[PDB]
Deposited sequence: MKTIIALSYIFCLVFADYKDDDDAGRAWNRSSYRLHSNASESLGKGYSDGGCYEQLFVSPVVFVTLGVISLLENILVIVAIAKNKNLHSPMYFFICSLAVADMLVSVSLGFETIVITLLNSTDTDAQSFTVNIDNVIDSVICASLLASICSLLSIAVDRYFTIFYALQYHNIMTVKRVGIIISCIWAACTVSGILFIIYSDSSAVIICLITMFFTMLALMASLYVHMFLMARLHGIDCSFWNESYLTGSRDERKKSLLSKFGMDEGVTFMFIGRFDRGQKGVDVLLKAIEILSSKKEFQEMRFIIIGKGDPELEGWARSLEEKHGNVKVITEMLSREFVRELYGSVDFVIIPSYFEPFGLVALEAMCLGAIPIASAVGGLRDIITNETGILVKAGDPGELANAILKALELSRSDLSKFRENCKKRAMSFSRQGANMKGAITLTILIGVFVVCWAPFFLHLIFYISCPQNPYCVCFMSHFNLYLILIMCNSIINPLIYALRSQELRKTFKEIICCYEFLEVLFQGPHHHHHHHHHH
């Protein structure tokens, strides 16, 4: 076994104890950090502290025995120490998963999650997490020799690894796929009122002032659903309500659908078709002029199409598919069944009736919703914090869990034995998870840094009052 001085385990356990107490004290002392996310960061801080305190205390207990077997007493103390480490490891997984649940629901169902997750409900959930993890942790140490327990912990680590892989793929690799660009899609690029922007836009296409509906995307059968909209305009054609409606259809593709759109354009007059790929700057002006944006997509994994429109006040009429279903709410748009022209025609009729009242607040809801999905926003920055925290967990626990994989799969293999002999370094990396996490919380939370700065000033006064 690879030697590391017992004092390293004790000192790292002290540094972790000092750091994580400061984290728990800061969240409790500051009412600004009294949100479910920081409460789940608090349970994670307890779990981190308890792991390093138990590993530090265990090292003190082992060194004491090497200095002085003491029968069952040492085995009983070992089982209790290992149960606290197991319980806290399960609780740390549960806490990170709870921050993952917190972030997913604050990103998509912000108002809904906030009303549900009260200080009482989050207090119950954390208590239930720790109650189930202490029960499971004790049971896991009883059947530590059993494969089922070791396989369960390895599966739980592989779940966290799969969570890290999917979060890194979303937050960093797919960053520019679903991330809204607030520097470009800004209402500051628009001049005048929406009434005059719509008036000028409709006058440019030789049309009267009416409820303007806009389509942007490829002309294809089974993807962006231009066919659904073209069928819906034909359904609306017979209705008297269609005369108060205006349609701007942009995109290229299928000559069959291009020719269909151009045929309805010359047939109705309130229908305008641009069979050209327009510049994002002009699409932005269209989003800020039109009343509604119709996204009748059969498939749209990223709500970016709706997000871009919502930024500039355009109320989206999209399909309840992928990202559109997630981004659009009752307050921020109208959702319809994909591939249903009859339901879309009714949604355009609903939108026409909706426009008779003041849509000013509806657009403000769209703007506020689209704004919360920006990378510079508190919701996305928290998801990046979550990816860093899970990333740090996975990296710090990976050698231990590979050691655990090796323990049950290849304990006889010299290549596994050589890796398994550096177990003390893997425990040191577990100590580091409890030291790196408080450094991340401070780095990612400006408010927690401020509260930490108040404790270093109060500790200077504590030591001053201690001597005098």
query	finding
Regions of the deposited sequence not represented in the model	1-54, 123-124, 525-535
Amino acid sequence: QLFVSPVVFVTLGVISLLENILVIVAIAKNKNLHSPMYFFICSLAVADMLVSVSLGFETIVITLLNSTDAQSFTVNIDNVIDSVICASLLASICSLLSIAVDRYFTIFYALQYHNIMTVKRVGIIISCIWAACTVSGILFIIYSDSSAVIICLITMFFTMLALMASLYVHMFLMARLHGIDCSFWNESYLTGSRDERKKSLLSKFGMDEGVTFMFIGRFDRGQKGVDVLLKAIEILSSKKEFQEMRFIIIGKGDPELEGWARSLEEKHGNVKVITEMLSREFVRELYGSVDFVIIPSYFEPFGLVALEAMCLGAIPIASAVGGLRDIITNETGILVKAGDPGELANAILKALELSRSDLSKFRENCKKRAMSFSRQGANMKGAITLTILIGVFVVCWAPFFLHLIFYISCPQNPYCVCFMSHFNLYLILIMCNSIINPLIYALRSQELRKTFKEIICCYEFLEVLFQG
From here on, numbers count along this sequence of modelled residues.
query: Residue stretch of maximal mean CA temperature factor, 393-401 vs 124-132; finding: 124-132
query: Mean temperature factor over C-alpha atoms, higher-scoring stretch between 11-19 and 451-459; finding: 451-459
query: Identity of residue with top Cα B-factor, from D291, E300, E308, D340; finding: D340
query: Which of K367, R325, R262, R284 ranks first by CA B-factor in the deposited coordinates; finding: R262
query: Where the record places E276 (Cα B-factor, split into thirds across the chain); finding: highest
query: Ranked C-alpha temperature factor of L257 among modelled chain residues, by third; finding: highest
query: Ranked C-alpha temperature factor of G206 among modelled chain residues, by third; finding: highest
query: Ranked against its chain, the third holding the CA B-factor of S421; finding: middle
query: B-factor third for the C-alpha atom of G217 within its chain; finding: lowest
